[PDB]
Structures are given as structure tokens and as C-alpha cells.
Amino acid sequence: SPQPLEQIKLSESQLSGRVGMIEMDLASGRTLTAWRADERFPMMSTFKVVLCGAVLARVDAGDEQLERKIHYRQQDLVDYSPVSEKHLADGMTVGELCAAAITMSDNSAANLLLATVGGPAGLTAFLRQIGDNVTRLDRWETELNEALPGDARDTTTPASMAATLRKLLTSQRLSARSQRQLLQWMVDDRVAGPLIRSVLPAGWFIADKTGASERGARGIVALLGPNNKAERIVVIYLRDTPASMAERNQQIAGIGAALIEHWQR
Ligand SMILES: OC[C@H]1O[C@H](O[C@H]2[C@H](O)[C@@H](O)[C@H](OCCCCCCC3CCCCC3)O[C@@H]2CO)[C@H](O)[C@@H](O)[C@@H]1O
């Protein structure tokens, strides 16, 4: 593989789309690689990590409990509810809802949790309160995945998302237990985590949340590193490509390959 920046450029040429990426040390925030890091990209399901950070902040303040059971109705469900459609009789706890949102990308779980933090506007306010002045959530699932060209709704930048993830995971804004919970939910991703491990060399840590839109977008927020350590945050977003989902996936994987082969920068 080529050097990471060279591979990112090649991916734009092959996809005819825009790529945005940051690679950052998790412990310190050192930025190693920036490419279109201040340009906007749709978050898609990657927003669910920030959502559950806001839920955990409420738990830490005594305004929520991960144990609290939410009884919801079938009319509350939106498209793609693999976990939440199974619990119309018995409900789900707040913590189960976050696990479903992050680890299964369950959309109805995410909307139930979004309500608890004051909707898109409440989540955006939380972001402002932790010093992210760029990321914005405007819509609910599934409309937030529309990814219309030129639309600023439901977007982040690679730089803002990486900094926000680092804040949630490490800055002691969340309690120790809450930081550990957020990390574990990402470690437990079932959508892409197992597939990524099956193509990662031995020794590499992964934790992640992915997102997708049928209108030529794709993204991942990840923790990655050798020696089984979550050394770096890697954020990659794609937009405005006509390419197949498979080719979007392959190009993101190719950027990862370039990082792995050229890690010590
Ligand atoms: O010399 C480095 C390594 O080179 C290859 O590893 C390949 C691997 O066989 C392939 O499957 C992967 O694809 C990359 C898969 C990307 C995984 C995650 C991508 C995401 C998630 C994390 C952030 C970035 C994007 O590339 C590496 C590096 O070439 C060898 O197989 C391996 O023995 C060797 O240790």
C-alpha cells in the first residue's frame, strides 16, 4: 500500500467523491493526518456514539439510569429495528437501547434515546456544551441519512468528530464508569467489528461505529492500534460518489491498509 495521504487521494480519484479523514492519538489528541478535516460530511449512524455520550452524561448527573426500562409501542418503530422490534411486550432498558443503537445500528433505539436528550436540538446543545461548535443533528432516524448534496443538516467534520469522541472517551467529562461503558459499546459493534477483525493482521485493536447512506456516502469512527491497544482515533467519511457500497467499503479498507503499513509517523 501507498502512504496514507497518497491512498486517500487515490480513493477520491477512483470514487469521484470527497473523502474526509483524521488520524489522532487517543491519549493526547496529536493529529497525525488531516485530509478535508474541516469539511462537512453526513454523520449517518456514526452520530449514535455521540448520542449515547449524552445519555451517559445524564446518568452521571442522576437524571437517567441505564437500568430504567422504557416501554414503547409498535407505532414508535422506524425502518431497521433488529433489536427493538423484538421487545414490544417487555420493553428495553436505556442501556440496552444504547447497546442496540451502537452495536446493531438499531434506528428505533436511537430515536427513543434521542427523545430523552431533547431530540436533535438537545443533542446539538450537548455538543455545544462540550465545546463542539460544528457538529449538528437536525433530523431523526431515518431522514438524517438522506445525504443530499450541499445540505448542512446532520453533518460533522472529521476534525470535530475526532475531538468530540476523544472528549467523551478520555477527558473526564464523563465518569470513569461511563467512559468505560462508551468504549465497550464500540468494542462490541456487531455490524462491522467482526468483519474488520477478520481482515486485520494479528495484534491490531479495533472498536468502531459505521454509517451509510444509499446516496453515495459512508463513514466510520474507529479506535485502532497495534499491540492490542486503542492507540488512535481514525475518522473517515465519504460523500458524493456514485460508486457501489462494495467499492466504498473497499476504499475505506484501503485507507486502513495504508495506515497499518505506515503506522509510525
Ligand atoms: O505488513 C503489514 C501487514 O500487511 C498485511 O496486512 C493487510 C491485511 O491482510 C489486509 O486485510 C488489511 O486490509 C485493511 C483492512 C482495513 C481494516 C480497517 C479499516 C477501517 C477501520 C480502522 C480505521 C481505518 C478504516 O491491510 C493490511 C495491511 O496491508 C499482511 O496480511 C499482514 O501479515 C502484515 O502484518
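To match Swiss-Prot, the residue numbers of chain A are left as they are there, and the shown ones run 22-286.
Recorded method is X-ray crystallography, 0.9 Å.
The backbone N, Cα and C atoms fix where each Cβ goes, and this holds for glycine too.
The active site, acyl-ester intermediate annotation in Swiss-Prot covers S66 and is backed by sequence analysis. Annotated disulfide bond per Swiss-Prot: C73-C119, in sequence order. Marked as active site, proton acceptor by Swiss-Prot: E164. Among the features that Swiss-Prot reports, substrate binding site is placed at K230, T231, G232, with the record citing similarity to another entry.
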Near-site residues: substrate, ref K230, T231, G232, CB cutoff 8 A to centroid: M65, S66, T67, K69, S126, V212, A213, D229, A233, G240, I241, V242
CB contacts for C73 (disulfide bond) [other CB atoms within 10 A, all chains]: 29
Entries of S66, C73, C119, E164 which, being recorded positions, have CA atoms within 10 angstroms of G232 (substrate binding site): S66
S66 (active site, acyl-ester intermediate) and the residue listed as 'active site, proton acceptor', Cα-Cα, nearest whole angstrom: 11
Inter-residue C-alpha distance, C119 (disulfide bond) and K230 (substrate binding site) (nearest angstrom): 12
